[PDB]
């Protein structure tokens, strides 16, 4: 019927002025563009079919051709950036926005999907979709008393498209658009569907990946407790974006970090810092490193939750990137901590793994470790116990590593190692 048509036949059917022949040719095009392997998007574009599809988007009296052309254009916009640009150049954005209010739910859902692709191309097309006025009808589609009355696929598509509207930087989405979207996004963040939750968390993570004002916009909506709850979820697709959002939030001010701590986030990190998935471990260690860069009371809350031994463990054995994040966490801890917190750090057994990591090839981690060791030595000086720390470092084999680094190619490593050896060894 409409299966395995040639682009020639599709073009002849769409060039006929018989709306039913046009409909069947458009369905054949949709079926070609929906094939698993190498859909012929470039050939369809070269045939000049995008303007015809966009015109078909406005055939209110023929809902089937609206649906077929919307699907075809969605799949074309899912290709390269040049093909999404081809779709946009045909005028598809306002037509899809007009279709958002279609009485046919499948047509509205397809329009949502297409706008999601277009906005997902990048920040320019994201802002252009916003300028054409998509947010208001999109949100109207979600203005229901209970989200559970909506079809699951429809709701997932709406959530994904909104997340794409929140995505990308340079520039970030317009502030007014973010404020207009956020309430619905929180409501979705409280939904029970795992995919909706994952996409909502990803959107919140996008919105929190920026200056402190952007983070404040999100945290004032009260999302942090729900984010922590989702941090404790069993589904990795939910935990990953929730952890990303929590990390972004703790990159902000001390009060936003304190909001994260007050919600009970630290109690989840014993599992996260031992999670079998390496990415979770790395992101959790980065989050901990940003939390140890906070106030001394926040470092003390890290201590009270028994998380210093977990940092020692990650420093002892983990993928090298997680170990680098842990070294950063240790250096921030030692930079901002009290003498008592630093001696507690040493009592947990940090010196030996911190020294074993001086074997690495990365220069920046070496500099970070040497800075942490200098801070720990300053604490030991204030206690008059420099010789005990030096004996510890010498027994570990760390003095060998430091004296070797005296001959390192980088200037800072050279000078830091020589300072340590001149002042304490």
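Residue numbers count along the first chain shown, from 1.
Asker: If you average the CA temperature factors over each stretch, which comes out higher, 186-194 or 126-134?
Answerer: Taking the mean B-factor of the alpha carbons in each, 186-194 is higher.
Asker: Using only the Cα atoms and their B-factors as the entry lists them, report which of 61-69 and 33-41 averages higher.
Answerer: In the deposited entry, the stretch with the higher C-alpha B-factor mean is 33-41.
Asker: Could you say which of 205, 281, 234, 290 has its CA atom at the highest B factor, as listed in the PDB entry?
Answerer: By C-alpha B-factor in the record, 234 ranks first.
Asker: Highest CA temperature factor in the entry: which of 209, 146, 89, 319?
Answerer: Among 209, 146, 89, 319, the highest C-alpha B-factor in the entry belongs to 319.
Asker: Ranked by Cα temperature factor within the chain, is residue 9 in the lowest third, the middle third or the highest third?
Answerer: CA B-factor rank for residue 9: middle third.
Asker: Lowest, middle or highest third of the chain for the C-alpha temperature factor of residue 121?
Answerer: Lowest third - that is where residue 121 ends up once the chain's C-alpha B-factors are sorted.
Asker: Quick one: classify residue 352 as lowest, middle or highest third of the chain based on its Cα B-factor.
Answerer: Ranked within chain, residue 352 CA B lands in the highest tercile.
Asker: Lowest, middle or highest third of the chain for the C-alpha temperature factor of residue 100?
Answerer: Middle third of the chain for residue 100's C-alpha B-factor.
Asker: Among the modelled residues of this chain, does the Cα B factor of residue 270 put it in the lowest, middle or highest third?
Answerer: Answer is lowest: the recorded C-alpha B-factor places it there.
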